[PDB]
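J.:
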Amino acid sequence: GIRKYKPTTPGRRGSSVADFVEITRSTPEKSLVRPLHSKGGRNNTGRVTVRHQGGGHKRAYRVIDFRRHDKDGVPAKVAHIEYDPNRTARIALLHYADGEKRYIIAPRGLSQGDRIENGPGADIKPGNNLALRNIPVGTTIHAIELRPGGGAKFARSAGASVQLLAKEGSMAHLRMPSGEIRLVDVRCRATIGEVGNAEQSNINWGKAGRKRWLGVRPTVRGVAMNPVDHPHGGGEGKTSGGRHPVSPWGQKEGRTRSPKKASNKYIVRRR
Amino acid sequence: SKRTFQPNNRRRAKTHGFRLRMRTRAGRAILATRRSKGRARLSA
RNA sequence: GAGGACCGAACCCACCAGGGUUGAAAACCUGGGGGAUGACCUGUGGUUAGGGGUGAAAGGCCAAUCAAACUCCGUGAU
RNA sequence: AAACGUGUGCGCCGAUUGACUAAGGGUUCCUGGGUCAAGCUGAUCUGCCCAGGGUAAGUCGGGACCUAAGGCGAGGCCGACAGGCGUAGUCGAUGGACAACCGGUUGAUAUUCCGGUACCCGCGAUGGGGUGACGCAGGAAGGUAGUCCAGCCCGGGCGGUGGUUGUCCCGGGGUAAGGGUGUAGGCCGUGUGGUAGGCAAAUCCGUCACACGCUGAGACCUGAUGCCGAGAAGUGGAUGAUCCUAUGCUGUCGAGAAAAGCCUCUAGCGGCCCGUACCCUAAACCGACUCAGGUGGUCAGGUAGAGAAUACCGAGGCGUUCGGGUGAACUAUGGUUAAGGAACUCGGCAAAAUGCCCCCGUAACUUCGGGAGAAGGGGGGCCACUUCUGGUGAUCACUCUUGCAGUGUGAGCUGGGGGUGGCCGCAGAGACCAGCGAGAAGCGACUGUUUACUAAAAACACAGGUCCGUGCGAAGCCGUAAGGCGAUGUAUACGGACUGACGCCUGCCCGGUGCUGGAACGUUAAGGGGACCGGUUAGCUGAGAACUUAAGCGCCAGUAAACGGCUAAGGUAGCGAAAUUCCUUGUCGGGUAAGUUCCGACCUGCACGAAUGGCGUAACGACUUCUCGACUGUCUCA
RNA sequence: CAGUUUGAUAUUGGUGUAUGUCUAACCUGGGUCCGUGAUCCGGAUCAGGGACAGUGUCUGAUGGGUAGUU
């Protein structure tokens, strides 16, 4: 859920924070953690290519199994629900009956102790993973593969949900979270249920520092800059830019999807 | 206040050192054009 | 017993006044002054290079130099 | 011989003018000699000149051990050349692992030499598993270092002047690493069987069913018949850490390195190199200087005090680096001023005043947190008596589980609180230190950042809002490309644009420009085509029309929290002489003896207006403006 | 002028009625295996896409993003 902070300092007033009632352990599984250092928005040449990033709290990366293809017929129990700094949705630790441990995104309604199984024989319950050919039409799914064995790509953030609309031959119709309707091969795997932690989007950070912890640096408006820096800059007093709005590099507002891009033939209806 | 030269031998051998001059061909010309001019200390 | 919480030394800073102004100092001194558990200060090691970097944005900073650094060359420019 | 040495005295620093270390410097360190060059004077002296000498490591820091950010990079990819990126690997501490302490000595070195006592190095993987392995904040408890006191212990003294054989005065009352022990505290289920997983295996790890000790501050002994000590004593009590137990415990969201090493599982007599002098809040480093500046880290005593503030002192150091006089004007840093109290001035600029602990009391307004330390008022010294109350813990007994226990008992020591009376002064927070307060308006919600070196702000940022783009080899961005960031992310995510907490709201216009979508039809390049007309004497060859075609444009719809305006539509809500109003010192009311400023209204809005947001808003502000109280040399007027 | 973008043409093939289909050029930042201790690279092999896309030459449009100057 969400906990609203008592207004007791100018900064804290009007803010809120996740209540963390879901998590059962506060420490990660040692074998499944990997090092992770912030990049700061700079590529291999050292130049900033993505603006407004860097300075966040130190993090460690949890190895998540977005494929879930090699445990067909092996049951598992949800040992814990844990916090993940790398993504909005929580992560659930699975103890497979064969002795191996893995993480998955936390679907809504998955609770500690629940049994979940993969493979074509798994029941249609939150957490189970199946090939799209085995999921009934009209089911809500998440963490959908793009190519057979390519790993989950779609519907991975908090509260994301995909509705399976139809199955036609070797292709399946999916209503993406953005509302786009897209064709996907019927051999791709997907997980039943929608991703949990749906209240995440209601969090009010409250103060500038709380974003800085997340690594979001200040964003400077163009109309405050000088003409050398940004097209909108300049002018005496406040101006709206004096020209049709553009990105700092002069590109106008407009659709930027490549019109010749191959994937077009998989797109039934755009958002 | 704080002036613009805080000496550090380590950081002055990793920036102007002879090993660094021999790494970029543009830097080996600097070394050669100092040998021809006759300087004593050939690289920092 | 939380807090970009309060008062206040170290530390960081530079709002006011006087002095200094061929100065003790190519930016400081004296008395007040702001922050002082955080978007904080700092050491060491890395890294971004010139129509380029970086910039909580002043055309600011990039070796006392920046509306385009410095050095050599065209060059005894015009 | 003012400055060099010795002695005496006086003053200064003492969270440092003391003692160390890294960086940096590179012989400035010690001895002897010198006073030509240098020293802002002087010199017999020197961080100067000359000669000679001085730095001792199996255990300290680093290498021969590990790796992070990052660098280089065999093959390799990409790139006209130059060259860019990068795999295996290999480097890279500011981190991890790893064995010594005390005392003495020289002119110059000491955890390095010397003395004593210590410690470490000389079946099983490189593959699997465990561990290593980790944030921030907070309190309490137990200890120690240190410090203080003593009527006690040891050594001295009987006071140049009234008195000092006495609970009188002065000085000292220590001892490390290692070993033995295993306390306070903290942590932890054991075993049998099966076992899809851990690249092969595994008796190890993980998972399932079943049945049911480890670490650890400190105290004590040893180290110590030694060393140290004013060659004696070398005890007891109180106080007490920012240090240890503690990588502990509790809370919490922003969710907090890797590898080596160690353990485990299977597969199968020697101890090397560099540093070791000296300076290091500075006269040896960075500032051209023996420069009022800057320079990371460690040590951190007494009294008063909450304190590392502040005053005087300790350990220890400094008084050398131009002096001696002299009541001129004047300048600067301090000090005090009668009566008045902002009359000064652009402006209360500066100064003055308040300032501490305890107790009483505290408004409008409000987002219910706040405003608030609002405002305002009271007590404060010393002596005696009296009263209550923590901590510690010998002795006295009792108990056990018989100990480094326990439970009663309370000596001595030492905090803290409350009454009654008395005494002194002008003054009891007596020195140093140590908030001025109130009312109103403007802008910005707030804390923050900014023009290094004239602007700290109403500017930027911000949390919140909307719109636009992006279906993942995403969009966007660096690059010619590869390759990267975005992201080890996936529409509740990422990027771009404007507005800027919160509250009530955000009106009309799609004619222009831009953006989104549709393209019947018109126009249109290359390319295809080669009509027909020429040159030459069918062939070669020159120019070459009709026709064929895409985007784009003309065209049709939508779009304004798109750029924009208020015939396309003509400014709604709200506000209004305003950060906007020229005329203007608009008019009226309030404030003053007097108000071009200010506050509340009017509306003739030169030239307000709804996300280049409109109107308000509690709190906040080294921001701007006006007013009042306290206070003062700002002023009469010096 | 860079950039974005349109068409022709080469890489570029079979077959059917401007538009289908096929696989063999070509593309996979899809899976698995080897060089091999290896997220680069290459070679296999399955899984797809597919004569499209990418790239070379020619060509129309847009082009203050940049550059030279009046």
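In order, the protein sequences belong to chains B and 5.
First residue of the first sequence: 2, per PDB author numbering; consecutive thereafter.
First residue of the second sequence: 2, per PDB author numbering; consecutive thereafter.
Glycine residues also receive a C-beta, built at the ideal position from the N, C-alpha and C atoms.
1) With DSSP run on the structure shown, which of helix, strand or coil describes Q252 (chain B)?
2) Closest to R213 (chain B) by CA distance: which of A199 (chain B), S259 (chain B), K261 (chain B) and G55 (chain B) is it?
3) Assuming the contact rule is C-beta atoms closer than 8 Å, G15 (chain B) and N205 (chain B) should be a hit. Round their C-beta distance to whole Å, please.
4) Please name the residue in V49 (chain B), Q113 (chain B) and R88 (chain B) whose C-alpha comes closest to that of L215 (chain B).
5) What ranges does the beta strand (DSSP E) occupy inside the region 99-132 of chain B, keeping only unbroken runs of at least 3 residues that lie completely in it?
6) How many angstroms separate the CA atom of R109 (chain B) from the CA atom of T240 (chain B)?
7) Can you list, in chain order, the stretches of the beta strand (DSSP E) that have 3 or more residues and sit fully within the region 152-205 of chain B?
8) Taking 6 Å as the limit between beta carbons, can you name the residues of its chain near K154 (chain B), skipping five residues before and five after?
9) Is there contact here, the region 27-38 of chain B with the region 113-122 of chain B, by at least three beta-carbon pairs under 8 Å?
10) Measuring only the C-alpha atoms, how far is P127 (chain B) from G151 (chain B)?
11) How close, in whole Å, do the beta carbons of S44 (chain 5) and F19 (chain 5) come, if the pair is a contact with beta carbons under 8 Å?
12) Using only alpha-carbon positions, find the residue among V64 (chain B), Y62 (chain B), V224 (chain B) and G41 (chain B) that is nearest to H53 (chain B).
13) Mind checking which residues open and close the alpha helix (DSSP H) that includes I31 (chain 5)?
14) Can you list, in chain order, the residues of its chain whose CB lies under 8 Å from that of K168 (chain B), leaving out five sequence neighbours each side?
15) Using DSSP with H/G/I as helix, E/B as strand and the rest coil, what is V224 (chain B)?
16) So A80 (chain B) is in the beta strand (DSSP E); what residue range does that whole segment cover?
17) With DSSP as the reference, please indicate the residues paired to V49 (chain B) in a beta bridge.
18) Would you mind stating whether residue 299 (chain B) and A156 (chain B) have Cβ atoms separated by less than 8 Å?
19) Using a Cβ distance threshold of 8 Å, determine whether the region 231-245 of chain B contacts the region 61-74 of chain B, with at least three qualifying pairs required.
20) Going by DSSP in three states, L21 (chain 5) sits in which element: helix, strand or coil?
21) Could you give the DSSP three-state label for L95 (chain B): helix, strand or coil?
22) Going by the DSSP bridge assignment, what does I145 (chain B) pair with across the sheet?
23) Might you give, ordered along the chain, the residues of its own chain that have their beta carbon closer than 7 Å to the beta carbon of residue 1 (chain B), omitting 5 neighbours on each side?
24) May I ask you to list the residues that DSSP assigns as paired with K5 (chain B)?
25) Since I believe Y97 (chain B) is in contact with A80 (chain B) (beta carbons under 8 Å), could you give me their beta-carbon distance rounded to a whole number of angstroms?
26) Does the distance from the CB of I142 (chain B) to the CB of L165 (chain B) come in under 8 Å?
27) In the DSSP assignment, what are the bridge partners of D73 (chain B)?
28) If you draw a straight line from the C-alpha of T192 (chain B) to the C-alpha of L131 (chain B), how long is it?
29) Would you say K208 (chain B) and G12 (chain B) are within 8 Å of each other, going by their C-beta atoms?
30) Under DSSP, the beta strand (DSSP E) around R272 (chain B) begins and ends at which residues?
31) CB-CB under 6 Å to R272 (chain B), same chain, minus the five flanking residues each way: which ones, in chain order?
T.: According to the structure shown:
1) DSSP places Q252 (chain B) in coil when its eight states are reduced to three.
2) Comparing Cα-Cα distances from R213 (chain B) to each of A199 (chain B), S259 (chain B), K261 (chain B) and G55 (chain B), the minimum goes to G55 (chain B).
3) Going by Cβ atoms, the distance from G15 (chain B) to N205 (chain B) rounds to 6 Å, so yes, they are a contact pair.
4) The closest CA to that of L215 (chain B), considering only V49 (chain B), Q113 (chain B) and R88 (chain B), is found on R88 (chain B).
5) When DSSP assignments are scanned along the region 99-132 of chain B, the uninterrupted stretches of beta strand (DSSP E) that are 3 or more residues long and fall wholly within it turn out to be 102-106, 116-118 and 130-132.
6) The straight-line gap separating the alpha-carbon atoms of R109 (chain B) and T240 (chain B) is approximately 47 Å.
7) Within the region 152-205 of chain B, the complete beta strand (DSSP E) runs of at least 3 residues are 153-155, 163-169, 172-176, 182-186 and 190-193.
8) The residues are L147.
9) Inter-segment contact for the region 27-38 of chain B and the region 113-122 of chain B is absent: fewer than three beta-carbon pairs are separated by less than 8 Å.
10) Rounded to whole angstroms, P127 (chain B) to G151 (chain B) spans 22 Å at the Cα level.
11) Between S44 (chain 5) and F19 (chain 5) a beta carbon distance of about 4 Å is seen, short of the 8 Å cut, so the two are scored as contacting.
12) Of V64 (chain B), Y62 (chain B), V224 (chain B) and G41 (chain B), the residue nearest in Cα terms is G41 (chain B).
13) Here the alpha helix (DSSP H) through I31 (chain 5) covers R26 to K38.
14) Annotation for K168 (chain B): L133, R134, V138, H174 and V187 place their beta carbon closer than 8 Å to its own, counting only its chain and skipping 5 residues before and after.
15) If DSSP states are grouped into helix, strand and coil, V224 (chain B) belongs with the helices.
16) Counting along the chain, the beta strand (DSSP E) containing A80 (chain B) begins and ends at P76 to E83.
17) Answer is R43 (chain B).
18) Chain B is shown from 2 up to 272; residue 299 (chain B) falls before or after that span and cannot be answered.
19) Segments in contact, no.
20) Secondary structure of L21 (chain 5) (DSSP, three-state): helix.
21) Here DSSP, grouped into helix, strand and coil, assigns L95 (chain B) to strand.
22) Looking at the DSSP output, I145 (chain B) sits in a beta bridge with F155 (chain B).
23) It is not possible to answer for residue 1 (chain B), since the shown part of chain B is limited to 2 through 272.
24) Paired residues: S17 (chain B).
25) Between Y97 (chain B) and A80 (chain B) the Cβ distance is about 10 Å, and since that is not below 8 Å, they are no contact.
26) Remark: C-beta atoms of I142 (chain B) and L165 (chain B) approach each other more closely than 8 Å.
27) Partner(s): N119 (chain B).
28) Spanning the two alpha carbons is a distance of roughly 6 Å.
29) Yes; because the gap between Cβ atoms is below 8 Å, this pair is in contact.
30) Counting along the chain, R272 (chain B) falls outside any beta strand (DSSP E), and DSSP gives it neither H nor E.
31) Excluding residues within five positions, the ones whose Cβ falls inside 6 Å are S179, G180 and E181.
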